[PDB]
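Here's the structure, in structure tokens; my notes come after.
Cβ sites come from the backbone with ideal geometry, for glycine too, and all protein chains shown count toward neighbours. Values in this text are rule-based calculations from the coordinates and carry no lab data.
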Amino acid sequence: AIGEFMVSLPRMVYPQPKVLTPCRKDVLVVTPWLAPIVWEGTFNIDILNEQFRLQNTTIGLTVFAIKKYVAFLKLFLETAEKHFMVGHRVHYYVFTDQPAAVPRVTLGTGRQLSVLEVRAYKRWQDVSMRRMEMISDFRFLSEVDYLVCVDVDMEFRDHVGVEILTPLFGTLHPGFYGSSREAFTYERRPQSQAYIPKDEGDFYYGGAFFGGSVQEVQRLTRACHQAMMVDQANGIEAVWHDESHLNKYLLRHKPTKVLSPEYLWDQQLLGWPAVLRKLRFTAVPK
Amino acid sequence: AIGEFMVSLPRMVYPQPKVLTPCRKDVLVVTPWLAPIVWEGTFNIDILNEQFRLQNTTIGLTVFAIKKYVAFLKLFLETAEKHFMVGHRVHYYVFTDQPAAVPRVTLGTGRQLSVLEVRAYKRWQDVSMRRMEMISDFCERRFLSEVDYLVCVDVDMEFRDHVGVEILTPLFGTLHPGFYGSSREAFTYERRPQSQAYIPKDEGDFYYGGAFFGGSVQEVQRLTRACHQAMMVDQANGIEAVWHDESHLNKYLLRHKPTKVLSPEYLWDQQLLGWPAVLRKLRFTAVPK
Ligand SMILES: O=c1[nH]c(=O)n([C@@H]2O[C@H](COP(=O)(O)OP(=O)(O)O)[C@@H](O)[C@H]2O)cc1-c1ccccc1
Ligand SMILES: O=c1[nH]c(=O)n([C@@H]2O[C@H](COP(=O)(O)OP(=O)(O)O)[C@@H](O)[C@H]2O)cc1-c1ccccc1
Ligand SMILES: CCCCCCCCO[C@@H]1O[C@H](CO)[C@H](O)[C@H](O)[C@H]1O[C@@H]1O[C@@H](C)[C@@H](O)[C@@H](O)[C@@H]1O
Ligand SMILES: CCCCCCCCO[C@@H]1O[C@H](CO)[C@H](O)[C@H](O)[C@H]1O[C@@H]1O[C@@H](C)[C@@H](O)[C@@H](O)[C@@H]1O
Ligand SMILES: [Mn+2]
Ligand SMILES: [Mn+2]
């Protein structure tokens, strides 16, 4: 459940946080609306695990594996088992047009998988974009506390845990975390619902990893889908599809945490910069 | 109200946050449980003002002015009018044994004051400690219906710069000005295991000041009730914590991590501690007494 109040922790022994000696001096670790930006070295996972275990938190993870992308499921699920929310209750929701093609993956205790059969759109943009509709229409409200929504063409390489959980989060796109807002590939046509002008924008968030409480994720995905439908009626398709709309949404509804690109990376394209102490969730070659 | 969901903001023009060039590199700006530590430069007050105005946020500010401490009210209130939550709904709650002694102070629109008549304890320790009981009692009697957040402070203070909605969150504490740079073994926690407020030398995140804490009404109700109950247990065991209510506040916040922590910009004594470079603003400061 998501607790209504602060929980009470047991005695714990860990290093004292030092007010005058911050660990991360190389990156921004809080947004101007006072949401934390999650990097290695900013959190004590022992404290956070206690907080979330005491609420018996259940996390849902949605992933789409339509047409040839079913091939990515084996590695995605096997690595999630090693690295995603270990110790907490996890419900995987695998959306696919080929239920029989879902690999049998052995799950740890307290983890479950549901296979949701869905339509395969012809245009890859429509598959990517129509995730918003499918997530928004999809039982989660009675089953999980948080939803995490990710691409399938990925693997976990390192810890991704309850440090990310919060009412609404987006993830810094790995291609643009160091870029100025004028360079962001936001939709720039005022005719699109995803329009963001050159003098606005905080971050460029990646469409491949967002989430929050079930209620907030439902609102986000419903709003993105609606905006896409308006665009479609107006004869326009945003430059980066679902991601463009995600960015418009998070511009106007500020996320309560932002994840660093540790959580969404492509080592082939981008290497392993000093600023990334861990590479947690990374692109698989395709 | 406290809105159930994220609010939708209008178009705003402001400097872009830069991921690779943080403004504050000199201080910790987030706790290990991912609560912001609020320092000048960490927040854009225009964004926060929008978020909180859109929810028509009402902030209650409690202050005790028992016996001779009514003398502090005029400066406290006049300065609060200049600096505290300006632009938002505010409700001051003055707990006093002398209602007729509360100074007439002209208030801005959307701001009001209630005088709460309470008993005066003989021992200064009890006056300080019984604030927890009194706040908790009034949470049920008044605060839950009247305000969204409560901010609970000492009266022997004045506002000297902005104190606003950047502090609002479910539960917050404030880094005590005497110890923000100290190691946990130098914190003056209650060190006697017999006390409910006991914290051993190998525990503790911060030393929080008893003079400035707050949160949602429901969290403040829980904190103040818990602290009073701990103090009653101590009393029945014939023990009184070294720093009274502050000792219990520290025990409470160790075990119930605050969702924001305020830097000592929000609780300072300039005569005693000067003005270190790390403090770019002095917002709420001790009055000589
Ligand atoms: O045929 C698909 N089936 C499918 O299930 N997807 C889902 O959409 C996500 C986004 O598409 P990606 O190819 O991973 O997009 P990028 O990461 O921007 O390259 C995939 O991870 C996957 O979960 C995506 C595709 C697809 C196939 C070809 C081109 C674009 C998208
Ligand atoms: O006579 C009092 N009346 C009163 O209302 N108070 C309230 O308790 C608060 C804390 O006591 P302080 O004297 O400010 O304590 P310190 O900040 O530790 O000096 C005061 O701000 C005030 O709000 C405190 C006192 C008091 C009087 C003498 C000694 C200690 C406390
Ligand atoms: C420094 C600026 C110039 C260099 C920018 C380098 C990263 C570009 O990234 C693409 O960015 C697009 C938006 O502009 C979309 O999000 C696209 O899905 C993404 O590529 C996806 O994610 C990438 C990380 C790769 O995994 C790529 O194969 C994917 O197709
Ligand atoms: C570096 C360590 C050694 C030096 C520590 C210097 C500050 C000490 O501070 C006192 O600390 C106590 C707890 O240990 C209580 O909170 C007390 O109320 C407080 O004094 C109150 O607040 C102070 C800021 C002053 O305003 C003082 O006049 C007050 O009585
Ligand atoms: Mn992808
Ligand atoms: Mn005082």
- Task: Convert 10 °C to kelvin, take the viscosity as 1.306 mPa s, use the Kirkwood radius over C-alpha pairs of the stretch B:87-205 as Rh, and evaluate the Stokes-Einstein diffusion coefficient in µm²/s, rounded to a whole number.
- Result: 91 µm²/s
- Over all residues in A:202-211, what is the mean tally of Cβ atoms on other chains that come within 10 Å of each residue's Cβ? 1
- Item | Under 17 Å from A:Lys278, Cα to Cα: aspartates and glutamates that are on another chain or at least 8 residues apart | A:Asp26, A:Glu40, A:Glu155, A:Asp158, A:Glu163, A:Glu262, A:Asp266
- Note on the structure: What the Cα atoms of chain B span along the principal axes, largest first and in whole Å, is 59, 47, 40
- With a Förster radius of 22 Å, plug the Cβ-Cβ distance of A:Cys23 and B:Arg280 into 1/(1 + (r/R0)^6) and report the FRET value to the nearest 0.05. 0.55
- Choose one of A:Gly175, A:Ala35, A:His241: the residue whose Cα lies farthest towards the positive end of the charge dipole of chain A (beta-carbon charges +1 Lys, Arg; -1 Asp, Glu; about the Cα centre). A:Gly175
- Message: List the pairs from A:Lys257/B:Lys251; A:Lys18/A:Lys248; A:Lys82/A:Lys198; A:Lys82/B:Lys25; A:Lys122/A:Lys248; A:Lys74/A:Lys122 whose alpha-carbon separation is above 30 Å, in the order I gave them.
- Response: A:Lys18/A:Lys248; A:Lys82/A:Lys198; A:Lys82/B:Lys25
- chain A: antiparallel bridges as % of DSSP beta bridges, rounded to 5, reads 30 percent
- Message: Restricting to bridges with both residues inside the protein assembly as shown, how much of the DSSP beta-bridge set is antiparallel, in percent to the nearest 5?
- Response: 30 percent
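What's the long-distance tail for the stretch A:164-286, i.e. % of Cα pairs beyond 26 Å? Please report the intermediate quantities before stating the final value.
Working: 1621 of 7503 pairs.
So the pairs more than 26 Å apart make up 22 percent of the total in the stretch A:164-286.
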- Charge dipole (debye, nearest 20) of the stretch B:127-235; +1 at Cβ of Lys and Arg, -1 at Cβ of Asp and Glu: 300 debye
- Message: What's the magnitude of the charge dipole for chain A around its Cα centre, counting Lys and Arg as +1 and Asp and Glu as -1 at the beta-carbon? Answer in Debye, nearest 20.
- Response: 200 debye
- Task: Starting from 0 in steps of 10 Å, tell me what percent of the Cα-Cα pairs of the stretch B:161-215 lands in each bin.
- Result: 22, 44, 27, 7, 0
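Do you know the relative contact order of chain B, to the nearest whole percent, from alpha carbon pairs under 8 angstrom that are 6+ apart?
22 percent.
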- Query: Seen from all sides and averaged, what is the projected area of the convex hull of the Cα atoms in the protein assembly as shown, in nm²?
  - Reply: 26.8 nm²
- Message: How shielded is B:23-29 by partner chains, expressed as the average number of their Cβ atoms within 10 Å of its Cβ atoms?
- Response: 6
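Residue by residue through A:39-52, how many Cβ atoms from other chains fall within 10 Å of the Cβ on average?
Mean inter-chain Cβ contacts per residue within 10 Å come to 3.
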- When the chain is fully extended, how far beyond the present Cα-Cα distance does B:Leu272 get from B:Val242, taking 0.36 nm per residue of separation? 8.7 nm
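What is the calculated FRET efficiency for A:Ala233 to A:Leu141, with r their C-beta to C-beta distance and R₀ = 30 Å, to the nearest 0.05?
On the way: r = 28 Å, r/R0 = 0.95.
Here the calculated transfer efficiency is 0.60.
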- Note on the structure: With label points set 7 Å from each Cα along the Cα-to-Cβ direction at B:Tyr14 and B:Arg119, the distance between them in nm comes to 4.8 nm
- Inter-centroid distance (Cα atoms) of the stretch B:10-87 relative to the stretch B:113-173, Å: 17 Å
- Note on the structure: When B:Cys23, B:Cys227 are arranged by how many other beta-carbons sit within 10 Å of their Cβ, fewest first, they go B:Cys23, B:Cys227
- Query: With the dipole of the stretch A:141-286 worked out from charges on the C-beta (+1 for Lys and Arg, -1 for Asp and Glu) around the Cα centre, which of A:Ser192, A:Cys224, A:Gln268 lies farthest toward the positive end?
  - Reply: A:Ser192
